[PDB]
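Shown here is one chain on its own, the form deposited in one PDB entry, set out as structure tokens.
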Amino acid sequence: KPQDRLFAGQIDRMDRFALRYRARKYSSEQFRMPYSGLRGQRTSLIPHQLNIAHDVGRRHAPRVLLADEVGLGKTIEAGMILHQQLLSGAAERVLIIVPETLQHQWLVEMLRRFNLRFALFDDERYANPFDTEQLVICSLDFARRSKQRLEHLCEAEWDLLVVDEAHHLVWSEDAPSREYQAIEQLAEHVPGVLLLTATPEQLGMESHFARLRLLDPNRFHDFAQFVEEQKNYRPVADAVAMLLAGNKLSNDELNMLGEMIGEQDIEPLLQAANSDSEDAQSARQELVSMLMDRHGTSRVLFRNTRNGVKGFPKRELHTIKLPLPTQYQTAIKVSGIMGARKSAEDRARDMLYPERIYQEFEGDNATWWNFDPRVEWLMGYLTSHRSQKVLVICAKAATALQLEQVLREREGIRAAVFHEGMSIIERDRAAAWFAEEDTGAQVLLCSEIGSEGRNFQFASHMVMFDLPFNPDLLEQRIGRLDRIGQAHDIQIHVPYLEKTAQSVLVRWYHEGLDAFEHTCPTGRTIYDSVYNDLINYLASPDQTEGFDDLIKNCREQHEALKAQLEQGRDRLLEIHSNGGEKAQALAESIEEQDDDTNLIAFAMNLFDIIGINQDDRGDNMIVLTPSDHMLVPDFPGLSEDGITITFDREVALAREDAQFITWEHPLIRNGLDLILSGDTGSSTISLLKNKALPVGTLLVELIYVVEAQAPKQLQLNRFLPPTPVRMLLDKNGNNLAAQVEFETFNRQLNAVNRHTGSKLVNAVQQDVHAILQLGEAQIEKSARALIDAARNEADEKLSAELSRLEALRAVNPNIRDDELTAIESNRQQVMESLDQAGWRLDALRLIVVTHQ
């Protein structure tokens, strides 16, 4: 094929040949690396997250509970797992079931951090229809709405299922939820399952066990036995955990340990660890790993905690008590007198957002913002903090929009607005404007959706124009800025109107739950426990008999539950969930990759040759725009509006509007596919100025490709991706390639006029044919060596992993049958597909020695 082009007179420019060869070499090498699938995401490199993702993401059909505490990165961990599985080919179809109001947050996270475009399925967009899309997000309610729909989902042949906030799957002996039942049915037909929930087990042990049974109903079949085994385990594991903290062990703990591990002699290991010797610490970390292989929830549950990971800011509450204006006092009394009585909730909501009462009787569009002291306080705060990036949160979009107008007209400060009525692209623009340094918006006004999952590293100040109606929404608001890696303490300003539901609720959240300044896993439990009572205080804030006691009771419940949670921590599992030194090393290794000058040089040459225009902005960023004369009509991922790119991870994290270019980015992969599936650079001729060789000497640079045809799911690329084999032959068939390195030789060559070129080739066409014949014999030898080596490394690696899981099963009940059968079956189909591998000539460059 490539020789046919050359002789038909079709001669590419030399630089195209070099680009083609580099593209093959690079793509064949970036497939066989340990951190593959953990580079391309727009995230910081946090060890505990990478620990989970690298462990879970490389398994066959992962079935796990991701139970990290709030803010630790359960969404990011799920993303890295999906990213790895979809890049490697282990998965192709993914379903993500989330709570109703979280769909857009997930859609943006998957696309903007993992370059994965999920299709949103709801009833408005579609009143089976799931074969249409490979990546689907929908709500839990949507998925369980009808029995027809559920069965549609089960038969849609999903590879992986992700269920966010899985504590909504509630179970009971006599009436499990519809939610639970729906996931129970789906989990039987999807091989891989990720359940995400931070809910501590002490608040629902039974439901916790039910979720584990969704993952492995075979192993998790006896609630009582499971609890008993965990209870007997804690004594062992608590001590060992106190040893990784360096408090030496007893003689009691030493026989319990020798027994807990009867599969081998650990007397040396124990003698070391339980002593003040320089070999004591490593003896401890190894013991910890042995205990975790025997853990009851080993391999299935990952629970990192904020106490352990410790990268989170302090939270500081600043309340401002403001006088209640006569206009609102009047409206409250009028409503109590002339009021068509409403629900408890609706009266409370009226008292929490008093502008709603005022608008009811003065008509909507009444200028509440002209006398509401919260508005005046906000104007004052913002005009004296003009250089502070401030996140301002209201419950309702209409309130945020009304504030934007006031702030602009009365003080000339332009705020970005963020609410669910706006399109994704509209929120993208508002987000970029708020993130813009020095020239951008100083304020982001949000409805209850906050800032979704977008990072504003520079924002540490938050104003709650009003308060949310329940504690889950409160923590979600604070979680917009209380994020891992935020250095500056969060200042939470709460201006509130005295003698209203606002003052009641601010006191309840703060004094009852301590929910502002400390992350509160107790909030929902206490709220539901006192709901009726609290709602009446909110509905009648001027009738507060017994409120002081409610506060006292609620705080006592909060402290009691906090104590239970502290006492019930599995501190061994917490340590093991962070990943230790192996996880730190994995993060360090990925970061070493990041500084890849090869990729930057390759990508520029690639885009240039494809025909994409490149404008440099100086700030580690470049603007890419389509051109008239590009290799293809429309390059996927490239709009006529252009795209901003960066190759630097820290820039990409600060500029969420820019693409983060890595070997794993679709632009590179699409770019490689374009060049390598086509003719570009496959046929050329060059001159070599060299007087130490006879003039007219002919050299043929041959690039063969060795590749095995197989389904992507087999993941042959781990062992034999399409691999180039470069030969450099003379007339006698001597292959010089082993001692003539490609780059050094490539530099020594000269381009030649294409017309003069096609004349040189025709003059030596027959010599070339003979050389090509000599190459075919040598490629068979080379390809057979490459193939046999890969077939053997597949044997070694895959048999090694099957042995590792069989050895784990001897001590661990959580290794599943289908896991061992999957490795076994894959080791077989991989070896067979390689022994059908083939080769072909991909490119050639003729080289003619001159002396001139």
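Note that residue numbering begins at 1 and tracks the sequence as displayed. We call the rigid core whatever largest set of C-alpha positions still superposes within 1.5 Å between the two forms.
FYI, the form deposited in another entry isn't displayed, but the following is about it.
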- Query: Relative to the superposed core, which single residue of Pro191, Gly258, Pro666, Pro626 shows a CA shift of 2 Å or more between this form and the one not shown?
  - Reply: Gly258
- Core superposition between this form and the one not shown, C-alpha change of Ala810 at least 2 Å: no
- Message: On a rigid core superposition, would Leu702 pass a 2 Å threshold for CA movement between this form and the one not shown?
- Response: no
- Message: Rigid core superposed, CA of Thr684 - does it shift 2 Å or more between this form and the one not shown?
- Response: yes
